[PDB]
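Text of data.txt (compact mmCIF, C-alpha atoms) as supplied:
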# COMPACT_ATOMS: atom_id res chain seq x y z
CA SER A 1 17.28 -76.34 -28.93
CA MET A 2 13.59 -77.06 -28.87
CA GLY A 3 10.91 -74.40 -28.78
CA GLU A 4 10.12 -70.83 -29.73
CA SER A 5 12.48 -67.97 -28.97
CA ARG A 6 12.44 -65.83 -25.81
CA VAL A 7 11.05 -62.37 -26.56
CA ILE A 8 12.98 -59.32 -25.30
CA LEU A 9 11.94 -55.70 -25.92
CA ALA A 10 14.84 -53.29 -26.54
CA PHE A 11 13.17 -49.90 -25.87
CA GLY A 12 15.60 -47.10 -26.55
CA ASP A 13 17.07 -44.40 -28.75
CA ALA A 14 19.88 -44.21 -31.35
CA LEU A 15 22.04 -46.52 -29.24
CA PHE A 16 19.47 -49.29 -29.81
CA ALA A 17 18.31 -48.27 -33.31
CA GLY A 18 21.83 -48.79 -34.68
CA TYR A 19 22.30 -45.28 -36.03
CA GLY A 20 25.26 -45.13 -38.40
CA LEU A 21 25.61 -48.92 -38.59
CA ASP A 22 24.89 -51.57 -41.19
CA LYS A 23 22.20 -54.24 -41.03
CA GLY A 24 22.79 -56.60 -38.11
CA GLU A 25 25.42 -54.41 -36.41
CA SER A 26 23.09 -52.74 -33.91
CA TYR A 27 23.30 -53.50 -30.21
CA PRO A 28 19.98 -55.45 -30.17
CA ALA A 29 21.05 -57.55 -33.17
CA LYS A 30 24.47 -58.35 -31.71
CA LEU A 31 23.01 -58.92 -28.24
CA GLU A 32 20.64 -61.47 -29.76
CA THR A 33 23.60 -63.42 -31.16
CA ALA A 34 25.57 -63.12 -27.93
CA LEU A 35 22.74 -64.58 -25.87
CA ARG A 36 23.15 -67.84 -27.82
CA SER A 37 26.36 -68.26 -25.82
CA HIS A 38 24.29 -68.13 -22.62
CA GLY A 39 22.07 -70.96 -23.86
CA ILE A 40 19.30 -68.52 -24.82
CA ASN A 41 17.54 -68.30 -28.19
CA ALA A 42 16.06 -64.81 -28.10
CA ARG A 43 14.08 -62.66 -30.49
CA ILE A 44 14.93 -59.07 -29.57
CA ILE A 45 12.37 -56.50 -30.71
CA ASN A 46 14.34 -53.46 -31.81
CA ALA A 47 12.23 -50.56 -30.53
CA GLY A 48 15.09 -48.07 -30.69
CA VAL A 49 14.12 -44.71 -32.18
CA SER A 50 16.93 -42.30 -32.95
CA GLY A 51 16.48 -38.95 -31.20
CA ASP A 52 13.85 -40.21 -28.72
CA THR A 53 13.71 -38.25 -25.45
CA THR A 54 12.24 -39.78 -22.30
CA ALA A 55 9.01 -37.90 -23.13
CA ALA A 56 8.93 -39.41 -26.62
CA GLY A 57 9.46 -42.86 -25.10
CA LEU A 58 6.62 -42.28 -22.65
CA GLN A 59 4.41 -41.19 -25.54
CA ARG A 60 4.86 -44.49 -27.38
CA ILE A 61 5.46 -47.22 -24.76
CA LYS A 62 1.81 -48.35 -24.67
CA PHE A 63 1.59 -48.40 -28.48
CA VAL A 64 4.81 -50.42 -28.74
CA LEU A 65 3.63 -52.96 -26.17
CA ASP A 66 0.12 -53.21 -27.69
CA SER A 67 1.69 -53.79 -31.12
CA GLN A 68 3.56 -56.94 -30.05
CA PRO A 69 2.24 -60.35 -31.15
CA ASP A 70 4.18 -61.95 -28.27
CA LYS A 71 4.34 -60.26 -24.87
CA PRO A 72 7.93 -59.34 -23.92
CA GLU A 73 9.51 -61.54 -21.28
CA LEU A 74 12.03 -58.78 -20.46
CA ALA A 75 12.07 -55.08 -21.37
CA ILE A 76 15.42 -53.31 -21.65
CA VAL A 77 14.93 -49.54 -21.24
CA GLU A 78 17.65 -47.19 -22.57
CA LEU A 79 16.55 -43.55 -22.60
CA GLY A 80 17.68 -40.19 -21.29
CA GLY A 81 20.68 -39.49 -23.50
CA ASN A 82 18.72 -37.16 -25.75
CA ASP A 83 17.33 -35.29 -22.73
CA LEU A 84 21.02 -34.79 -21.82
CA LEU A 85 21.90 -33.49 -25.29
CA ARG A 86 19.06 -30.95 -25.06
CA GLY A 87 19.96 -29.89 -21.51
CA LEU A 88 16.48 -30.85 -20.34
CA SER A 89 15.44 -31.04 -16.69
CA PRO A 90 16.71 -34.22 -14.97
CA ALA A 91 13.62 -34.11 -12.74
CA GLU A 92 11.31 -34.32 -15.77
CA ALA A 93 13.41 -37.11 -17.30
CA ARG A 94 12.98 -39.06 -14.05
CA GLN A 95 9.22 -38.48 -14.18
CA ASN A 96 8.98 -39.58 -17.81
CA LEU A 97 11.07 -42.70 -17.19
CA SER A 98 8.88 -43.41 -14.16
CA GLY A 99 5.83 -43.41 -16.43
CA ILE A 100 7.51 -45.89 -18.78
CA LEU A 101 8.54 -48.24 -15.98
CA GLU A 102 5.08 -48.00 -14.41
CA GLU A 103 3.48 -49.21 -17.65
CA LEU A 104 5.87 -52.16 -17.83
CA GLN A 105 5.31 -53.04 -14.17
CA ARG A 106 1.53 -52.84 -14.64
CA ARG A 107 1.90 -55.55 -17.30
CA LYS A 108 4.28 -57.56 -15.07
CA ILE A 109 7.11 -57.29 -17.61
CA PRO A 110 10.55 -57.56 -15.91
CA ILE A 111 12.79 -54.53 -16.43
CA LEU A 112 16.48 -54.01 -17.10
CA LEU A 113 17.38 -50.32 -16.90
CA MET A 114 20.42 -49.05 -18.83
CA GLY A 115 22.04 -46.28 -16.80
CA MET A 116 23.06 -43.11 -18.63
CA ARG A 117 25.72 -40.67 -17.44
CA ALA A 118 26.08 -36.95 -18.08
CA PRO A 119 29.26 -35.40 -19.51
CA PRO A 120 30.97 -32.58 -17.59
CA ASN A 121 29.85 -29.91 -20.10
CA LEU A 122 26.53 -29.59 -18.25
CA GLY A 123 28.28 -28.82 -14.96
CA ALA A 124 28.52 -30.78 -11.73
CA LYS A 125 25.11 -29.78 -10.34
CA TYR A 126 23.27 -31.01 -13.45
CA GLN A 127 25.52 -34.05 -13.83
CA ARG A 128 24.98 -35.25 -10.26
CA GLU A 129 21.21 -34.79 -10.53
CA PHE A 130 20.97 -36.56 -13.87
CA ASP A 131 23.23 -39.49 -12.98
CA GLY A 132 21.24 -40.18 -9.82
CA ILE A 133 17.91 -40.71 -11.53
CA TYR A 134 18.80 -44.23 -12.71
CA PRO A 135 19.64 -45.88 -9.34
CA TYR A 136 16.56 -44.17 -7.91
CA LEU A 137 14.30 -45.58 -10.63
CA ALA A 138 15.83 -49.05 -10.45
CA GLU A 139 15.19 -49.23 -6.71
CA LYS A 140 11.69 -47.75 -6.93
CA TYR A 141 10.55 -50.14 -9.67
CA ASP A 142 12.54 -53.23 -8.58
CA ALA A 143 14.41 -53.15 -11.87
CA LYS A 144 17.85 -54.53 -12.59
CA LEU A 145 20.34 -51.76 -13.36
CA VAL A 146 23.39 -51.61 -15.59
CA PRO A 147 24.94 -48.59 -13.83
CA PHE A 148 26.88 -47.17 -16.80
CA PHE A 149 25.71 -48.64 -20.11
CA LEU A 150 28.47 -47.00 -22.20
CA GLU A 151 31.23 -47.72 -19.68
CA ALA A 152 32.98 -50.18 -21.99
CA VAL A 153 33.54 -47.50 -24.68
CA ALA A 154 34.03 -44.56 -22.31
CA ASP A 155 37.83 -44.64 -22.68
CA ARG A 156 37.83 -45.85 -26.31
CA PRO A 157 37.43 -43.02 -28.84
CA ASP A 158 38.52 -45.51 -31.50
CA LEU A 159 35.26 -47.39 -30.82
CA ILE A 160 33.07 -44.28 -31.32
CA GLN A 161 31.73 -43.01 -34.62
CA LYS A 162 32.84 -39.64 -35.92
CA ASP A 163 29.65 -37.66 -36.45
CA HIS A 164 28.60 -34.52 -34.55
CA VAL A 165 31.52 -32.11 -34.04
CA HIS A 166 30.41 -29.19 -31.82
CA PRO A 167 33.36 -26.94 -30.91
CA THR A 168 33.91 -25.81 -27.35
CA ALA A 169 34.13 -22.10 -26.61
CA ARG A 170 37.90 -22.36 -27.09
CA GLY A 171 37.32 -24.31 -30.31
CA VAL A 172 35.09 -21.48 -31.54
CA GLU A 173 37.90 -18.99 -30.95
CA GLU A 174 40.14 -21.28 -32.99
CA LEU A 175 37.66 -21.25 -35.90
CA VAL A 176 37.26 -17.47 -35.64
CA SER A 177 41.03 -17.01 -35.82
CA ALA A 178 41.13 -19.25 -38.90
CA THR A 179 38.22 -17.68 -40.80
CA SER A 180 38.00 -13.98 -39.85
CA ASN A 181 40.30 -13.01 -42.74
CA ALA A 182 37.90 -14.61 -45.21
CA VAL A 183 34.89 -12.90 -43.65
CA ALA A 184 36.57 -9.49 -43.65
CA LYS A 185 37.58 -9.90 -47.29
CA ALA A 186 34.10 -11.05 -48.35
CA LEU A 187 32.43 -8.01 -46.77
CA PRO A 188 32.40 -5.10 -49.26
CA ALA A 189 34.49 -2.16 -48.05

Have the structure of the file written as structure tokens, please.
Amino acid sequence: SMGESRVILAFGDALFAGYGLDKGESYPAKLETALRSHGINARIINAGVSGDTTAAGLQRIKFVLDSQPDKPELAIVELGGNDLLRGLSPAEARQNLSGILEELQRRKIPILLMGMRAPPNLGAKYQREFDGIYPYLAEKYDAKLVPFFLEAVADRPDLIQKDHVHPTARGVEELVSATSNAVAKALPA
């Protein structure tokens, strides 16, 4: 092909940073290679930051854009999962994401929004509220939406890293049954 590469900003959290993966295995790196098969030579800026909430993303979006030598021709925004993990307000996550998309739209950078989905642990009221923020934002900011970014691994535990292991309430009872003898013995009589 002739010419310089197309510049894409991947603005996200651990799912873009490649947490737990080797060099070149992250989603931005592998997406860059896959776009070759669409006739596209892209340079994807990996602006994933592990642990970033929507507020953290809002705090740095201007800095990240102002730091680029080449203005992004597309910005892919993937945030909200860490708000989920902290049980944070879905309303505030929507507001923070709105601020991010507003900055991109001000600069006339096209947007692809990666939809996040809440697990049932947070309850149906929270889950419905959280899930709905992404179609709302995509419509409001004329962004293209991937409705469920992790859909392709949702039924594939073999494609998910083993890392955090937080027991459920029933799992806690299991651990208590297994370890209470040791605690009782360790406590002086």

Using all atoms listed in the file: which of A:138, A:116, A:169, A:133 has the shortest distance to residue 154 of chain A: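 Distance minimum relative to residue 154 of chain A lands on A:116.
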
Local residues around (17.8, -57.1, -11.1), at most 12 Å away, using all atoms listed in the file, as number ranges by chain: A: 74-76, 110-114, 135, 138-147

With C-alpha atoms kept, could you save the residues just selected as a compact mmCIF listing (two decimals), in the coordinates of the input?
# COMPACT_ATOMS: atom_id res chain seq x y z
CA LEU A 74 12.03 -58.78 -20.46
CA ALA A 75 12.07 -55.08 -21.37
CA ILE A 76 15.42 -53.31 -21.65
CA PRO A 110 10.55 -57.56 -15.91
CA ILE A 111 12.79 -54.53 -16.43
CA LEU A 112 16.48 -54.01 -17.10
CA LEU A 113 17.38 -50.32 -16.90
CA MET A 114 20.42 -49.05 -18.83
CA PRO A 135 19.64 -45.88 -9.34
CA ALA A 138 15.83 -49.05 -10.45
CA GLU A 139 15.19 -49.23 -6.71
CA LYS A 140 11.69 -47.75 -6.93
CA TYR A 141 10.55 -50.14 -9.67
CA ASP A 142 12.54 -53.23 -8.58
CA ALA A 143 14.41 -53.15 -11.87
CA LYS A 144 17.85 -54.53 -12.59
CA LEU A 145 20.34 -51.76 -13.36
CA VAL A 146 23.39 -51.61 -15.59
CA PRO A 147 24.94 -48.59 -13.83

Rank A:29, A:40, A:14, A:109 by their smallest atom-to-atom distance to residue 80 of chain A, using only C-alpha atoms, and report the top residue only.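 Among the listed residues, the smallest separation from residue 80 of chain A belongs to A:14.
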
Taking all atoms listed in the file into account, which of A:43, A:38, A:162, A:125 comes nearest residue 5 of chain A?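 Of all the options, A:43 lies closest to residue 5 of chain A.
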
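Atom pair atom CA of residue 159 of chain A / atom CA of residue 56 of chain A has a distance of 27.8 Å (rounded to one decimal).
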
Go ahead and find all residues with at least one atom no further than 12 Å from (15.2, -30.4, -18.1) in the file's coordinates, using only C-alpha atoms; report them as an mmCIF file with C-alpha atoms, in the frame of the given file.
data_model
loop_
_atom_site.group_PDB
_atom_site.id
_atom_site.type_symbol
_atom_site.label_atom_id
_atom_site.label_comp_id
_atom_site.auth_asym_id
_atom_site.auth_seq_id
_atom_site.Cartn_x
_atom_site.Cartn_y
_atom_site.Cartn_z
ATOM 1 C CA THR A 53 13.710 -38.250 -25.450
ATOM 2 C CA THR A 54 12.240 -39.780 -22.300
ATOM 3 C CA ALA A 55 9.010 -37.900 -23.130
ATOM 4 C CA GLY A 80 17.680 -40.190 -21.290
ATOM 5 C CA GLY A 81 20.680 -39.490 -23.500
ATOM 6 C CA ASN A 82 18.720 -37.160 -25.750
ATOM 7 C CA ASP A 83 17.330 -35.290 -22.730
ATOM 8 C CA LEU A 84 21.020 -34.790 -21.820
ATOM 9 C CA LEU A 85 21.900 -33.490 -25.290
ATOM 10 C CA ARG A 86 19.060 -30.950 -25.060
ATOM 11 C CA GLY A 87 19.960 -29.890 -21.510
ATOM 12 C CA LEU A 88 16.480 -30.850 -20.340
ATOM 13 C CA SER A 89 15.440 -31.040 -16.690
ATOM 14 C CA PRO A 90 16.710 -34.220 -14.970
ATOM 15 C CA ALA A 91 13.620 -34.110 -12.740
ATOM 16 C CA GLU A 92 11.310 -34.320 -15.770
ATOM 17 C CA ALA A 93 13.410 -37.110 -17.300
ATOM 18 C CA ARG A 94 12.980 -39.060 -14.050
ATOM 19 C CA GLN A 95 9.220 -38.480 -14.180
ATOM 20 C CA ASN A 96 8.980 -39.580 -17.810
ATOM 21 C CA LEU A 122 26.530 -29.590 -18.250
ATOM 22 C CA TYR A 126 23.270 -31.010 -13.450
ATOM 23 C CA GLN A 127 25.520 -34.050 -13.830
ATOM 24 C CA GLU A 129 21.210 -34.790 -10.530
ATOM 25 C CA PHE A 130 20.970 -36.560 -13.870
#

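Here the question is which of A:9, A:45, A:184, A:79 gets nearest to residue 117 of chain A using only C-alpha atoms, and that residue is A:79.
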
State, in Å with one decimal place, the distance from atom CA of residue 131 of chain A to atom CA of residue 104 of chain A.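 That distance, rounded to one decimal, is 22.0 Å.
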
Atom pair atom CA of residue 2 of chain A / atom CA of residue 33 of chain A: separation (Å):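 Those two atoms sit 17.1 Å apart.
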
Selected residue of minimal separation from residue 164 of chain A among A:183, A:6, A:20, A:78, counting all atoms listed in the file: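 Comparing A:183, A:6, A:20, A:78 against residue 164 of chain A, the winner is A:20.
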
Near residue 60 of chain A, counting only C-alpha atoms, which residues have an atom at most 12 Å away, once you skip same-chain residues fewer than 5 positions from it, shown as a PyMOL selection string? chain A and resi 11-12+47-49+52-55+65-67+96+99-100+103

Give me a file of those residues, with C-alpha atoms, as a short mmCIF file (atom, residue, chain, number, x, y, z; two decimals), in the coordinates of the input.
data_model
loop_
_atom_site.label_atom_id
_atom_site.label_comp_id
_atom_site.auth_asym_id
_atom_site.auth_seq_id
_atom_site.Cartn_x
_atom_site.Cartn_y
_atom_site.Cartn_z
CA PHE A 11 13.17 -49.90 -25.87
CA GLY A 12 15.60 -47.10 -26.55
CA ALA A 47 12.23 -50.56 -30.53
CA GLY A 48 15.09 -48.07 -30.69
CA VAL A 49 14.12 -44.71 -32.18
CA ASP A 52 13.85 -40.21 -28.72
CA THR A 53 13.71 -38.25 -25.45
CA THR A 54 12.24 -39.78 -22.30
CA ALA A 55 9.01 -37.90 -23.13
CA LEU A 65 3.63 -52.96 -26.17
CA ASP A 66 0.12 -53.21 -27.69
CA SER A 67 1.69 -53.79 -31.12
CA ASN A 96 8.98 -39.58 -17.81
CA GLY A 99 5.83 -43.41 -16.43
CA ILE A 100 7.51 -45.89 -18.78
CA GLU A 103 3.48 -49.21 -17.65
#

Using all atoms listed in the file, pick whichever of A:115, A:64, A:177, A:155 has the shortest atom-to-atom distance to residue 136 of chain A.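 When distances to residue 136 of chain A are compared using all atoms listed in the file, the smallest one comes from A:115.
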
Mind working out the centre and edge lengths of an axis-aligned box for segment 164-175 of chain A, all listed atoms inside, 6 Å added to each side, rounded to one decimal in Å and written as AutoDock Vina command-line options?
--center_x 34.4 --center_y -26.8 --center_z -31.3 --size_x 23.5 --size_y 27.5 --size_z 21.3
